[PDB]
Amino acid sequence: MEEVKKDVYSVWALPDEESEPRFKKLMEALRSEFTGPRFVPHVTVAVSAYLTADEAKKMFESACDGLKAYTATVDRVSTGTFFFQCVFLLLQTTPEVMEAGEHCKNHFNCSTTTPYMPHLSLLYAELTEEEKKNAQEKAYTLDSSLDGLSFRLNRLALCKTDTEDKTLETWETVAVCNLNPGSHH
């Protein structure tokens, strides 16, 4: 009754200032032959519900006060079946990561039931299976170390995101926090 605007936010686990461009080159690249909206290298651990202004920060506030940094291994390059699961770095369900998913359930607002699939999406583009094969096919001519690939999730970002906005124009970054745990010295 005081705060009256509620929006859907998605929490993004960011890469490394040593990973990102290794990625960004692959992204800005795959996006020329085949195409679409070039975004930021990211792994998504959660998607919220209608959270007001405060109730969102306080919530990212809490999340950031957690989700210790961790690492991912690129199990493989794969293709999905819709504009958002086009080409993506399918990741391995190693412990620490599938648990970054316990984040979507982390405390109170979920979006209750989906089988969390960790991946670093490469491209969004409603393609034809054959060009899909190629996008993937072709992806492996830019990165050969790509497979077996492991990386660190240095931080987070809270983003106002409209999950169906293929134009990604409604996606906007509201905040980010760095997470470099190590604990005891």
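Numbering starts at 1 and runs along the sequence shown.
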Task: Of 1-9 and 175-183, the one with larger mean CA B-factor - done: 175-183
TODO: For the higher mean C-alpha B factor in the entry, choose 50-58 or 113-121.
DONE: 113-121
- [ ] Report the option among 126, 147, 137, 28 whose CA atom has the maximum B-factor in the deposited record.
- [x] 147
- [ ] Quick one: classify residue 86 as lowest, middle or highest third of the chain based on its Cα B-factor.
- [x] lowest
Open item on the list: Which third, lowest, middle or highest, does the C-alpha temperature factor of residue 63 belong to within its own chain?
Closed with: middle
Task: residue 38, C-alpha B-factor rank within chain (lowest, middle or highest third) - done: highest
TODO: Compare the C-alpha B factor of residue 79 with those of the other modelled residues in its chain, then answer lowest, middle or highest third.
DONE: lowest
- [ ] For residue 18, return the chain-relative third of its C-alpha B-factor as stated in the PDB record: lowest, middle or highest.
- [x] highest
